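Visitor: The structure follows.
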Protein chains: 2
Amino acid sequence: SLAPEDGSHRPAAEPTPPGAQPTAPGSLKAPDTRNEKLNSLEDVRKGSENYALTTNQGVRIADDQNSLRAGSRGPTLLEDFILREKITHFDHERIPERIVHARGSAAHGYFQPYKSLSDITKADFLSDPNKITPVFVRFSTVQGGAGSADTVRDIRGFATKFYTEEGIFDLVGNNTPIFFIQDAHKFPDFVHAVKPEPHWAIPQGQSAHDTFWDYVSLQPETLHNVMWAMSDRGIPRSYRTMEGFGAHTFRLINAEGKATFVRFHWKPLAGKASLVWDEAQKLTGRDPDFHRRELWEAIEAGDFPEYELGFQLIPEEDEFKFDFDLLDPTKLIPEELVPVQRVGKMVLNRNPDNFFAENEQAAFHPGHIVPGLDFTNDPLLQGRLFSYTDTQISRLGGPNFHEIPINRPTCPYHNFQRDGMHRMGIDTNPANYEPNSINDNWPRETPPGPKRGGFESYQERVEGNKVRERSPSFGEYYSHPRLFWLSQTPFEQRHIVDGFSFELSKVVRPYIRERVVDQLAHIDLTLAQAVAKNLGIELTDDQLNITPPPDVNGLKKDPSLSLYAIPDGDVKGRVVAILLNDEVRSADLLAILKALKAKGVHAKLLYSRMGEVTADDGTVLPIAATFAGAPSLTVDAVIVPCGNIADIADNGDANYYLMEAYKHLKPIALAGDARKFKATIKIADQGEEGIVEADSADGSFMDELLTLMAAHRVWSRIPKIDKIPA
Amino acid sequence: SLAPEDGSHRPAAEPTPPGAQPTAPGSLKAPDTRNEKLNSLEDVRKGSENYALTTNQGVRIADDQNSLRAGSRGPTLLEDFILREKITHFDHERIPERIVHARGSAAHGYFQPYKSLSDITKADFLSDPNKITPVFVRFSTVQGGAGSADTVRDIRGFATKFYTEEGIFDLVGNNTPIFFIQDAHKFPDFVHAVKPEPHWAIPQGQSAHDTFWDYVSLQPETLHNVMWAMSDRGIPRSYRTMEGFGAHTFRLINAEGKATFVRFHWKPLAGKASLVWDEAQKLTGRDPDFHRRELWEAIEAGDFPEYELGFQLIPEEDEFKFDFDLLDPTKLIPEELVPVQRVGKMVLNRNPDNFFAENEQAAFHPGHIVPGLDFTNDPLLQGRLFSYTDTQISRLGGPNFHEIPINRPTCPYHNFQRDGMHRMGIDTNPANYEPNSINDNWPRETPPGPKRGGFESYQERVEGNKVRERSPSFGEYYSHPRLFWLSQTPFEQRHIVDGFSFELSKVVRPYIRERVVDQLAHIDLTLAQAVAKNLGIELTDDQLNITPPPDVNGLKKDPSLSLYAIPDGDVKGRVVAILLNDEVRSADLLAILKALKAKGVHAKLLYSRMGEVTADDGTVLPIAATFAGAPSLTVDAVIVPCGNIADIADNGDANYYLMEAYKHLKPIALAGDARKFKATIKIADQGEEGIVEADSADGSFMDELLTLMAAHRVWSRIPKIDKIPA
Ligand code: HDD
Ligand code: HDD
C-alpha cells in the first residue's frame, strides 16, 4: 500500500515550476524558508512519518479498516470507541464560513520598510528599514461561498496580518480604492442585495441579478465602486497582478503627537493585469480554483508575490481642501492630487501547511491597530470596528480566537481576561483583576510615549448633536464614477460597457435596467448610450440633456486609475502553452525554452493524449496535459513549434485552442509549418500585430513573443474577434 | 413607495414558464398549493407588506440609513443599539455547512401509494392508497461546498423526508444503487480522499485529483461506484431526469412479524437523461446554479418533478442465493434477477419560501424509520445510524434541531427529554422521568401492534465473536463493475472511457494512473486498453492476460443499468433556443411556438441584444437573452427560423451557438434560408440524421424536431464532432 520504489510520490524540496512536481505543505516544500511567525507555529505542527496511527487519546489502532461487530456479518457494537471517535471528529469538521469574503487563498511572508517613518508615525514596524515583520496575507472574493469559483466578477479582498513587536496590525483592504456604501448601518442591506436571493439562493459569485441592480438603482452612492466592479478590475489575472487599498482615511500619529491623515496602497510589483469577461467566466468552469492554484504555484516556483506598501498623506489642516469629503469611503483620492509615497516591500514566500488550520481559521480585523496608528470618523470604518470582533464569536467558537495558532501574536500578551470556550492559556497570576496588591499590580498599564508605550487615542475634537444623519458633504455620487470612466483606455471603456450590458441583461425586471441606465446618464452620456443600445433602450430627450457632473478638483482624467494606460508589464511567473506534435523539431523547442527561462516564463507542454512524445532527435518529451485538459484560458500566450504538423492540423481541440486564445487577445507564435494554423484564425499572409511568425523559433521570434507578453494582451486585435465563432 | 406604478415588479401567482416572470417564494408564487406540512408551517411564516420596520424586539425604526453619531461627521456612538442589533444578526448569519452534500436544492411535495402494502409492511404511510403523505426532498452533489457548482461530475444525493402519521421517515439515497466503500469506519478516509486536498484546499467539486485516485487504486471495493461516476450518470441533465436508490438492503416488517428484505428505488417519470462532459464542465462556469434553477422553474411552470417509488423485494430464505452478499453496499441487485415493484408516486409541487430556513436547516437521517421498517447488518448503514444524529449537534447548534420548523413531525411528539440550546417547547408535564406516578405515568409506552403501535426491532439472530473483520463474502470487487460496463451502449462506454481518461490525466503522479489502469485490466480489457491509449500507457502481457471476473448470477448484461439502451424519452419541461434575426418569418415562429407549447416544451427567444425585434408581418418579438447570455449549454435543442439571416450570419456568437449545440449532440433545426448555417457546422448538402431542415417550419418539420428531442441526443453524430473546432 506503499510508495513507488522510485520515490516519485514525494515532491522535491526545491523551487520548481508549476506542474513539475505535486504541490505540498509549505514546511515540506520549503523547509529552510523561515520567519519569526513560521517558527513560532512549531509547537503545533504535527508530522506523520514513522509514527503509529492512534486515537486522539494516543491509543494505537490495530485495524483502521473495519468496525467492531458481533460476527463478521453482524451488527456494529456501541462499544466501538475507535469508530465513534473517528466518525465524531469527521461529523464536526465544518465551521461557519465568513459572512463575506468566504472564498480566499493565503500565504506567509515578511515586510520591511525602505526607511524609518518616525517623522510621521511611531509605529514600531515602520521605524527601521532592517526590522523585518512577518506577515500572513489572505486574498479573497466577496460574495461567494468558500466553495465558489475564483475568476468571478467581484471585488477582491486583500488582508494582511502584520505580527509586530508592539501587537498585531491587520490592514484589511480590497482591490479598489472605495466601497459601495457610505455608512456601516447599510452593510447588511448592501450585502443581502449582492448575495444569492433569499427564496432560492441564486446566483453564486455574481452581482448579475435583480436584487443587486435594484439596490444600486436606488442608492446612487454605490455607482463609483460599481464602475470599478464592471471594469476589468473585477476579473484580475492573478492576486499578484491587482492593486490593494485600505479605502478609508486612517491616521498616522508620530512621537510628538502630530496626526497626519493617511490612505493605504499596495502596488503589485508583477504589474496590473486582468482577464477578459468571456475568458474569466469560462474559466470558473474549467478551473474554479485558478487563482488559488496560481498563487500556491508561484510561491512553490520562487515567483514570490511582492507588493510595495505606499501612503497617500494629507496634513490635518488640509482635511477640507478637496471637493469631496476625506472621510467618505465612496470617494477616492486621485494620485494626481496626492501622490502615493513608497513605504516598504512585502514578499509572500511560503504557503501554509494546512489550509483549514491556517487559512480558514485566520481572523483579520481593521480595529487591530498599534501605537502610531489611529482611526477617523469615516462612518463605514466606524461600524466595521464593531463587526470584526463580534463575528469571530460564532465563526471561531468564542472569544479565545487569538489563541488559534495562526492568530497568536509573536510579541508578549498579558492581561486579566480569563476562561471562555477552548481556553488554552493557563494563567498563573494570583490576580485576575486590577488594581491588585496581591501580584503587585502586574501586568501593568504603560504610559504612552515614543516607543513601546501604551495605546492612547488621538484627542480629536468632537462637536455636534446625537444624530442619525448623513453628512451633506457625502451627498455627491457621480463625479468620481465619471473621473474613473474618463481615465480608462477606449478598450477598457468598451469592457465596462460590456460588463453593465451583460449584467443588466440578466436582470428580469425591465424597469430596473431602465433605472440603472438613467443613473449612467448622470455619469456619462456616451457610456449611458452605449449600455442602452445593448439593452434595446432609447434615452429620452431629458436624459440626453442631463448636465455631466463636475471634474474632480479640475481633473479631466487620472491615468493611475487605469490598469493599462501606463505600461507596468512584468513577464516573470507568466505561463505559455506549447502545443506538441509527434515529431517536434527539437531545435525550435531548445530556443523556445531557453528564451522563456531567461525571462522566468513557465511552459506547459500539451498534446492530444497523455504520456510522452519523441522529438526529431530522440528527446523524449513528457506531456503536462491534453489540449482539452489545460485550455488556453489557463495560459498567457500560445506557441506552436514546427514538426509533424499534419499530426495536429485536423485536431479540433488544437485548432480550437488557438481560436480561444485568439478571441481572448493572447499572443500566438507559429514556427515553420505551424504557420498553416494561420488559416484557422484568419490571419492574412502579410501577418498581423500580435501573431509571431518565422521559418523557425529563433532569437528574433522569441524576443517578439516576449515583448507582446510584456504588453499582456493584444488590444489592437479587438475589432477582429467579433467575427470569429469561438 | 418605489415599486413601478405598472405592478411589473410582482410575478403573477399562476404557473408561468421559465424566464417569463421573476421567480418568487413558493407561498407567494402558488398560494393555493397546500399540504398538511406546508399548512403547519403557517405559525412561523412572516409576511412584510404593510408592516413597520422594527428591531427584533419590536421597536419601530425611524432612520435605517444611518448610524447614530456625535455630529453628522462625528464618531459612531456605542449607544446605537439599532445598529448593533442589525450588524450582530448579520455577523452571525452563517452556520456550518453539511460535511458532505453541502450543495443541495429542495422542494415540497406529496406521496401516495398505489395500493395498500399491508401484506408486506405495517408502515402507516403505505397502508392506504388514499393516504397522502407530505414530503420535503433535497437533491444534492457530494464533494463540493454549499457555494460550489451544480453540473460537476459527482454522485448526486436524493433525500426524502416523509412526514407520516406515525413519525418522520427519511429515505436518504443517492442516484446510483451502491456506494464506494463497504464499512462505515472508512467513510472519513474515502471522503477526505475525494474532498479538496488538505494543504491547499483544491480541487472544488471534482474527484479529478491525486488523492482520490490514490485511494481508489488501493481500495478496489471502490471500483463499482467509480464506474457509475465516470459514466454519464455522474452528470445528470436535471434532478428530474436521474434515478434514486436507497443503496442498502433494509427490512419491511408486516403485522404478522414477517421480515422481507427491500432495496428502495425512485424512477423519474420524466425519464433518464444526462449531459456530456465538455457541456457539463463548461456549464459549471456559464451557470453554476443550473440544476437549482431548473428545479425551481420546473415547479413554477407546473412541470412538477414526479418519481415512482419502487421496491426490490427478497424473501428471508433467499438471503444467500446470489453470487454477492445482500448486505454489501458495493453490490447492486440486478433488476433482471429481482424486479422493482411499483409502490407509489411522489410529486414535488412547491418551492420553499426561504432557502436558508427550509433547505439549509433541513435535517435528513436514514435512522429515522417508522414501525413497519427496520435495518440490516449492512456495515455501512450501521455506521450511518451514528453519524446523522451526531452531526446535527454542531451543524444545527444542539439537540433541539427537531424543533426547527422544517424538521418538525406533523404527528404528535411527547417524551421526557428537556432543555438543550434553543429549546422551543414549553413542557407542562409535572414529570420529566418515567416511570412516574405524579402524572399517572404519561406519556406512556405503546406495545407494538398492527397499527399505531410502538417500535420493536425485528428479533434477528446474532451469532459471532466481537471482531473488527470484513466478511469474506464481501471480498469480490470486479464483477459488478464489469456487469455495469457490459450493460452500457457503445456511446456510453466511450463516455466512461473519456471520464476515466480525463480524470486520470489530472492526476499528477503517473504511477497512480498506472495503478488505476491495472485495476481496470481486472474489469474489462477493452475498457483498460482504451483508457491506457489516452494516457500513453502500454498494457503488459501480464495485464493482457488477466482473466475477467465471473458473470453475476449468469448475467452478461442488464439493460436497466444503462441511461439510454431502453428509450424512455419525455420532452415536457425541456427547452429550445430560438435564434431570432431582425426580420423573422412570422409564419415559421407561429408554427414552431405552437408545436412546442402543445408538447409542454419551453422556448427562449435569443438575439444579439436585449429589447425587441420586429417580424415580417410587424409582430413584435420580445428577446429573452443574448446568444452569449444564454448559451446552448442551457437548452436541449436549437431552432433557427427563416428571415433576414444576413443579420446574424456573420455574428460570431450566432455561429458558435450552433457549433456548441452541434458538438454536444443536440438536435438542430433550420428553416428556409437558415440552412445557410449548414456550412458553419459542416453538414452535407443532402443533410444528416439529427439536423432537421426544410423550406419552412410547416408540415413535418416540428414533428421531426420533437422526435429528436424525445431521443435526447444525436449519438450517431459522435464520430463527426472530434474534428470540429468548438
Ligand atoms: C460593518 C460591516 C462591514 C463592513 C461595513 C465592511 N466589512 Fe469587511 N468584513 C466584515 C464586516 C464589514 C465581516 C462580516 O466581519 C467579515 C466577514 C466575516 C469576518 O471575519 O469579517 C469581513 C471580511 C472582510 C475581508 C476578508 C478578510 C479575510 O480574508 O478573512 C476583507 C478583505 C474586508 N472585509 C475588507 C473590507 C473593505 C475594503 C471594506 C470597505 C472599505 C469593508 N471590509 C467593510
Ligand atoms: C458513517 C458516515 C456516513 C456514511 C457512511 C454515509 N453518510 Fe450520508 N451523511 C453523513 C454521514 C454518512 C453526514 C455527514 O452525517 C451527512 C452530512 C451532514 C448531514 O446532515 O448528514 C450526510 C449526508 C447525506 C445526504 C444529504 C442529505 C441532505 O440532503 O441533507 C445524502 C443524500 C446521503 N448522506 C446519502 C448517503 C448514501 C447514499 C450513502 C451510501 C450508501 C451515505 N450517505 C453514507
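The numbers used for chain B are those of Swiss-Prot, and the residues that appear cover 28-753, in sequence.
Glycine is treated like the rest: Cβ placed from N, Cα and C.
If you look up Swiss-Prot, you'll see B:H128, B:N201 marked as active site. Positions annotated as heme binding site by Swiss-Prot: B:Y415. Taken from Swiss-Prot, the feature region 'Disordered' covers B:459-493.
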Visitor: Give me the non-local Cβ neighbours of B:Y415 (heme binding site): same chain, 6+ apart in sequence, Cβ-Cβ under 8 Å, ordered along the sequence.
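Guide: Non-local contacts for B:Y415 (heme binding site): B:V199, B:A390, B:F391, B:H392, B:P393, B:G394.
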Visitor: Where does B:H128 (active site) sit in the DSSP three-state scheme?
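Guide: Coil, per DSSP.
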Visitor: If I take the alpha carbons of B:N201 (active site) and B:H128 (active site), what is the distance between them in whole Å?
Guide: 10
Visitor: Sequence gap of 6 or more, C-beta under 8 Å: which same-chain residues meet both conditions with respect to B:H128 (active site)?
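Guide: Result: B:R165, B:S167, B:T168, B:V169, B:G184, B:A186.
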Visitor: DSSP on the region 'Disordered' (B:459-493): how many residues come out helix, how many strand, how many coil?
Guide: 0 helix, 1 strand, 34 coil
Visitor: Look up B:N201 (active site) in the DSSP assignment and report helix, strand or coil.
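Guide: Where B:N201 (active site) sits, the three-state DSSP reduction gives strand.
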Visitor: If you draw a 10 Å sphere around the Cβ of B:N201 (active site), how many other Cβ atoms fall inside it, taking every protein chain shown into account?
Guide: 23
Visitor: Sort B:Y415 (heme binding site) into helix, strand or coil using the DSSP assignment.
Guide: helix
